[PDB]
Ligand SMILES: *[C@@H]1O[C@H](CO)[C@@H](O[C@@H]2O[C@H](CO)[C@@H](O[C@@H]3O[C@H](CO)[C@@H](O)[C@H](O)[C@@H]3O)[C@H](O)[C@H]2NC(C)=O)[C@H](O)[C@H]1NC(C)=O
Ligand SMILES: *[C@@H]1O[C@H](CO)[C@@H](O[C@@H]2O[C@H](CO)[C@@H](O)[C@H](O)[C@H]2NC(C)=O)[C@H](O)[C@H]1NC(C)=O
Ligand SMILES: *[C@@H]1O[C@H](CO)[C@@H](O[C@@H]2O[C@H](CO)[C@@H](O)[C@H](O)[C@H]2NC(C)=O)[C@H](O)[C@H]1NC(C)=O
Ligand SMILES: *[C@@H]1O[C@H](CO)[C@@H](O[C@@H]2O[C@H](CO)[C@@H](O)[C@H](O)[C@H]2NC(C)=O)[C@H](O)[C@H]1NC(C)=O
Ligand SMILES: *[C@@H]1O[C@H](CO)[C@@H](O[C@@H]2O[C@H](CO)[C@@H](O)[C@H](O)[C@H]2NC(C)=O)[C@H](O)[C@H]1NC(C)=O
Ligand SMILES: *[C@@H]1O[C@H](CO)[C@@H](O)[C@H](O)[C@H]1NC(C)=O
Ligand SMILES: *[C@@H]1O[C@H](CO)[C@@H](O)[C@H](O)[C@H]1NC(C)=O
Ligand SMILES: *[C@@H]1O[C@H](CO)[C@@H](O)[C@H](O)[C@H]1NC(C)=O
Ligand SMILES: *[C@@H]1O[C@H](CO)[C@@H](O)[C@H](O)[C@H]1NC(C)=O
Ligand SMILES: *[C@@H]1O[C@H](CO)[C@@H](O)[C@H](O)[C@H]1NC(C)=O
Ligand SMILES: *[C@@H]1O[C@H](CO)[C@@H](O)[C@H](O)[C@H]1NC(C)=O
Ligand SMILES: *[C@@H]1O[C@H](CO)[C@@H](O)[C@H](O)[C@H]1NC(C)=O
Ligand SMILES: *[C@@H]1O[C@H](CO)[C@@H](O)[C@H](O)[C@H]1NC(C)=O
Ligand SMILES: *[C@@H]1O[C@H](CO)[C@@H](O)[C@H](O)[C@H]1NC(C)=O
Ligand SMILES: *[C@@H]1O[C@H](CO)[C@@H](O)[C@H](O)[C@H]1NC(C)=O
Ligand SMILES: *[C@@H]1O[C@H](CO)[C@@H](O)[C@H](O)[C@H]1NC(C)=O
Ligand SMILES: *[C@@H]1O[C@H](CO)[C@@H](O)[C@H](O)[C@H]1NC(C)=O
Ligand SMILES: *[C@@H]1O[C@H](CO)[C@@H](O)[C@H](O)[C@H]1NC(C)=O
Ligand SMILES: *[C@@H]1O[C@H](CO)[C@@H](O)[C@H](O)[C@H]1NC(C)=O
Ligand SMILES: *[C@@H]1O[C@H](CO)[C@@H](O)[C@H](O)[C@H]1NC(C)=O
Ligand SMILES: *[C@@H]1O[C@H](CO)[C@@H](O)[C@H](O)[C@H]1NC(C)=O
Ligand SMILES: *[C@@H]1O[C@H](CO)[C@@H](O)[C@H](O)[C@H]1NC(C)=O
Ligand SMILES: *[C@@H]1O[C@H](CO)[C@@H](O)[C@H](O)[C@H]1NC(C)=O
Ligand SMILES: *[C@@H]1O[C@H](CO)[C@@H](O)[C@H](O)[C@H]1NC(C)=O
Ligand SMILES: *[C@@H]1O[C@H](CO)[C@@H](O)[C@H](O)[C@H]1NC(C)=O
Ligand SMILES: *[C@@H]1O[C@H](CO)[C@@H](O)[C@H](O)[C@H]1NC(C)=O
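Chains as they are written, first to last, in the authors' numbering: chain L, 2 to 91, 96 to 107; chain H, 1 to 52, 52A, 53 to 82, 82A to 82C, 83 to 100, 100A to 100C, 101 to 111; chain D, 520 to 546, 569 to 664; chain F, 520 to 545, 569 to 664; chain B, 520 to 545, 569 to 664; chain A, 33 to 56, 71 to 141, 150 to 185, 189 to 309, 312 to 323, 323A, 324 to 397, 412 to 503; chain C, 100 to 141, 150 to 185, 188 to 202.
What follows is the structure in structure tokens.
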């Protein structure tokens, strides 16, 4: 299952709308999950089941989409929020993406 | 509470066999399948495999078939993995993750993290 | 008299006192024994009650119908049935045809309720 | 108002809200639970049959031919239906309840027989 | 035909097959068999009581005195009763059922008191 | 104008969950010879064989049945003693090189002041070397009980029925891929025969696909749902225990008679299984042709033996003439397909942690004389390897273990629904 | 009525027997002797004075205790060694 993250690199500032997508091969419906891995620390789960989000997750993090293309979006951004993010599909983990201040 | 402790950092030389452990506490061990994951330094996180803690069912991926072998121990509530015939590319970080039932997307909660130097 | 007082009486006298019977139809492994005994009793009563109500005869004990009485079942004029016979012998006599009686009663009630709704359809 | 709400209210007031009180009428732990449930079912069936042999089947309210007797209550109708609660009424006539039931059942049986005879009058 | 014989058929062809469906509503295992049987009897009794508080007791068919608010449905008689299945109908009016039931009960109550007044007139 | 009317006893149903009851234990209500199958017409009903609750209910029922069958039997708690073992070397072949091990031990008698000295021939998998001293496998994890010799427990047809106010809906469509709107539907008073077979990696006996092989999966392509493969036609299989074995009684107290192996009569050989190679080849060809639909008409396919785990899942595990056979299916699932009789060695056990539970280990008594088991193989339980492999051969391996899936191989055509017989509608009738 | 009454009485018997101590420990070798202490010629060798080891409150301590049994209830082994008649057949409560 081909997975193409987008954008590979991204620079964003505090408190702005930031969206990240991943292209799939065919349709997988809600079947999708996104995770975060702050450098050094263990990866943690952000979104699963397509839009469905994890417990204890601030509502600023929200994902959705359909077909081959979905999007995880954040509006508010506190300094801990930016990190490496990973889209995931089946046994076809995303390459990841880089999020940095400004 | 739900705690997934993982083995300590291990250092080694090529050609031997390396073993890692992931101990769980706080939940019904047999209910949730366990995926093992690996990421090379500064790379993506490739999926090592998955194990069923109800009958010992396991599935690997060819990328890493015939070299890996993982089993379970229900008494102490733990999952063990081993890798033989290592290659220098295999140096990197390994992780244990938890998925409900016979499902594979939601990798809720995670281990401390092990590093292996080939 | 009391329970089954007119067990062997003539048909009319027994029919005059149908209420006592109607009342008397209703009242740790011995626990489940009594539970299944009572639920079987309740189920039998409710099955009989529904079998009456499907004929429009619920709410009554002496319910009249409009099935023509095919003489093939029995040709005994009313004198013997209602003055010279008991319920047991009679039930023995029409045991072989009671199912057909039930079916004809179903059909007749269905036609009658449909005709009643049709009459009410008029403005 | 809801369950038992008119219990302390006037007779006339409570006589308008019968349905709200009628619909709410109906390993050892499962044993006691099933015993209680079957008891409740059998009690509702008690009442349903007892109304059925009174010609009052399926009506929460029903008039019958049996006449009142001043011995049972020397009570003016306004007092009964606009001044005195249901509980006090059940308490007052608790003695004479059985004779009322017997007379009522006899009247219903006589009514059924008369109805049957009239239907055949052709 | 039989049980659920005309479930997918047109509306009227099912309308005269009600008797079969109406009739066919009646340790490790003994307790569970008891639980299932008593659940069935409770369900039947609840249905019978719901019919009885609407005055339709003992009749599979019945008629009521509530106007049909077209908000619940606007389909004319031919469309419903010649080109539709019962499952589709229950799907269509699912939300409004409760409201209907309430109105039905209320109508019966009003009607009933009216009847009593007529039986009170000398 | 239009007026409401209430219709009682109306053909309307909704999905629901409730208890069912058998038909055919000492408590089953006998069935009847009238399999009344009222063919519902112009109907189309959604099905999800992966979430029909009754399969789990059936599973739970079976579990409880097993427990109640075992409780009034001897508990071999005194049997957990040190075993002075010797590897058997009498007429033993080069295939079974020291599996049976005849072990002396002291055993309690009717008078616990006295004792005795008895023997046995426990198989290797049940005995572990404590340090020449051995112990039975379960003596540190869980207690041990024995099956009562009376019951010859085996597949007995157990029909199912719904309790007086619920309906059972079939799906007569012969291409039912397990999920979606089934076009042809028909109800039944009770289910047909379902043998409660216990088998992993190979669904022994049961119902076969009517027209063609079928592949069922809640999601074919997510490598985590146990794929079921229902065969169009059966595959004959013959499993055999050819060692002439005897049985002896040992008094373990006031009336507790433990049935122990005494000695093997005549020669000793490996207990093996056979399957017609040609028919198996044709059926697996059929299976891969069907799989080409879901995985494309230009994909290589690979079949490789089980990937590991417990003994019960790594091998075909099942029952045969009272004994428990563990056949190694690596000799079948070894092939590759591009766009005579196979023989299976099998081991035997006497201590079984059936239903993959912890705390209840059952001792299966031996059975006098050789044992034969002829059966129809009806379907497989597979899993896709994965590895993504760009575009490459996708590898399939036998799975199983979770016995519930086997129940789903016979409870997929069915569903349970609840009747809502009090409907309403508008009509021109006024009170 | 008779069959179901018989079954009910059997089950009552079993239920009443159930909440009572199990008496496996008497399944032990019995050292028994005749009794001729103010005996009659009629009761010759019908009662037997038996003794045996027995458990205690604490599992380590064993007590040598004696009681009197009836000949119909006891069987010889193959001296003066004896056992309960039912001990070879089934449990005892
Ligand atoms: C699948 O169905 C077949 C066919 O019924 C089953 O074969 C049956 O196997 C049992 C033992 O497991 C046999 O029982 C024994 O048979 C003879 C009867 O004379 C005798 O040795 C014993 O008294 C005992 O009853 C049974 O006969 C045999 N049936 C046939 C027709 O050969 C098979 O076991 C089933 N598969 C599974 C996994 O259960
Ligand atoms: C299973 O297949 C094997 C291999 O063909 C059979 O082994 C032969 O069995 C026959 C008797 O059936 C012997 O006479 C031959 O000597 C065996 N030949 C070998 C091992 O090469 C075996 O019998 C079959 N078992 C069955 C049908 O139960
Ligand atoms: C299993 O054994 C049975 C006999 O017990 C074999 O049945 C024969 O099968 C052939 C086809 O292979 C039929 O033509 C014969 O009529 C059958 N004979 C009998 C006596 O039933 C069966 O072939 C054996 N299976 C294998 C794989 O060898
Ligand atoms: C299951 O049977 C297969 C087929 O006989 C076994 O595979 C052989 O195993 C032997 C012994 O380890 C090896 O020498 C061979 O090279 C294996 N052959 C192949 C083609 O792989 C297998 O070992 C058996 N498995 C078990 C667990 O007994
Ligand atoms: C599955 O097949 C593999 C080969 O793909 C078998 O590997 C053998 O394993 C045994 C030990 O069980 C070794 O002694 C052999 O050397 C292995 N053979 C080869 C050719 O590598 C394995 O036995 C099989 N496993 C099962 C059935 O569980
Ligand atoms: C029985 O028959 C005789 C007929 O005269 C009569 O004395 C009696 O009343 C009858 N009664 C009953 C209850 O059978
Ligand atoms: C009456 O029943 C007989 C059989 O008992 C049948 O032959 C006859 O046709 C029936 N007549 C009717 C219903 O008029
Ligand atoms: C009834 O019929 C019988 C013959 O079956 C006859 O003796 C008797 O007189 C009849 N009675 C009447 C009232 O017609
Ligand atoms: C209680 O009684 C008073 C008069 O004493 C009346 O005003 C009031 O409405 C009654 N309340 C109810 C709930 O009936
Ligand atoms: C009224 O009751 C009294 C007392 O029981 C009784 O004597 C009298 O006959 C009764 N009158 C009526 C008409 O019921
Ligand atoms: C009813 O009877 C009582 C008795 O004292 C009398 O005072 C009262 O006026 C009467 N009430 C009516 C007719 O409403
Ligand atoms: C009811 O019965 C008791 C007991 O006989 C009697 O003393 C009492 O007066 C009666 N009560 C009424 C309210 O009539
Ligand atoms: C099914 O639909 C067809 C038209 O497609 C109609 O002719 C037929 O009567 C319907 N069958 C039933 C049983 O309603
Ligand atoms: C209930 O209302 C919702 C929202 O409009 C609608 O989706 C559904 O179909 C309605 N169901 C009915 C009227 O049965
Ligand atoms: C029996 O012999 C086999 C084969 O040499 C050996 O592996 C095993 O350890 C021996 N067992 C005992 C108990 O001596
Ligand atoms: C195992 O050892 C016992 C020791 O007495 C012997 O009787 C028995 O024959 C041996 N078994 C075999 C199969 O040689
Ligand atoms: C039986 O018990 C004795 C001690 O009473 C012990 O020495 C002997 O080894 C035991 N027998 C076996 C076969 O272990
Ligand atoms: C029991 O012994 C077995 C021998 O393999 C071992 O695997 C297991 O951990 C032991 N269990 C305990 C609770 O000591
Ligand atoms: C099952 O088949 C139906 C009908 O073609 C289809 O809609 C559905 O997607 C299929 N399900 C799967 C899991 O392939
Ligand atoms: C095996 O298939 C045959 C095919 O004729 C069938 O008759 C037989 O019943 C099947 N046996 C079993 C045990 O399922
Ligand atoms: C997986 O199956 C579920 C349940 O039918 C469905 O929602 C989903 O779309 C399926 N996905 C596939 C076939 O890729
Ligand atoms: C039989 O198996 C072989 C294994 O190579 C395969 O090529 C062949 O296609 C199979 N038979 C048929 C008729 O296809
Ligand atoms: C496995 O399959 C190969 C062909 O891929 C064959 O040569 C070999 O004999 C098979 N091994 C077995 C049955 O052990
Ligand atoms: C096993 O050997 C004994 C020797 O008497 C014989 O009775 C029995 O039939 C044999 N079993 C078989 C299956 O040949
Ligand atoms: C009690 O145990 C002793 C050994 O401690 C034994 O010699 C004796 O036989 C037992 N008691 C009797 C009465 O035999
Ligand atoms: C035990 O031995 C006694 C000796 O009298 C005998 O009566 C009894 O039947 C034996 N037990 C069994 C189970 O046969």
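Ideal Cβ positions, reconstructed from N, Cα and C, are used throughout, including at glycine.
Short Cβ contact (9 angstroms threshold) for residue i with residue j
i, j, result
"residue 624/D", "residue 538/D", "no"
"residue 352/A", "residue 278/A", "yes"
"residue 591/B", "residue 542/F", "yes"
"residue 576/D", "residue 576/F", "yes"
"residue 324/A", "residue 304/A", "no"
"residue 317/A", "residue 308/A", "yes"
Interface residues of chain F facing residue i [CB-CB closer than 9 angstroms]
i, result
"residue 608/B", "Those within 9 angstroms of residue 608/B in chain F number zero; the least Cβ separation is about 15 angstroms."
"residue 601/D", "594, 597, 599, 654, 657"
Per-residue DSSP class, three states only, for residue i
i, result
"residue 319/A", "strand"
"residue 542/F", "helix"
"residue 82/H", "strand"
"residue 470/A", "strand"
"residue 151/A", "coil"
"residue 449/A", "strand"
"residue 124/C", "helix"
Cut-off 8 angstroms between Cβ atoms - residues of its own chain near residue i, not counting five sequence neighbours on either side
i, result
"residue 394/A", "358, 359, 360, 361, 465"
"residue 631/D", "530, 622"
Listed by chain order, chain C residues near residue i by CB distance under 7 angstroms
i, result
"residue 229/A", "Going along chain C, no residue has its Cβ under 7 angstroms from residue 229/A, so there is no contact; the nearest lies around 45 angstroms."
Neighbourhood of residue i by C-beta distance below 7 angstroms, restricted to the same chain and skipping five residues each side
i, result
"residue 647/B", "595, 596"
Residue i: contacting residues in chain A (beta-carbon distance under 9 angstroms)
i, result
"residue 2/L", "278, 460"
Beta-carbon neighbours of residue i, restricted to chain D and to distances below 7 angstroms
i, result
"residue 502/A", "661"
Interface residues of chain B facing residue i [CB-CB closer than 9 angstroms]
i, result
"residue 573/D", "569, 572, 573, 576"
Contacts of residue i in chain D (Cβ-Cβ under 9 angstroms)
i, result
"residue 586/B", "587, 591"
Chain-ordered chain B contacts of residue i [CB-CB under 7 angstroms]
i, result
"residue 43/A", "523, 525, 526, 533, 540, 628"
Under 7 angstroms by beta carbon: chain A residues contacting residue i
i, result
"residue 160/C", "167"
"residue 197/C", "164"
Sequence-distant residues of its chain with Cβ nearer than 6 angstroms to residue i (five each side left out)
i, result
"residue 172/A", "161, 307"
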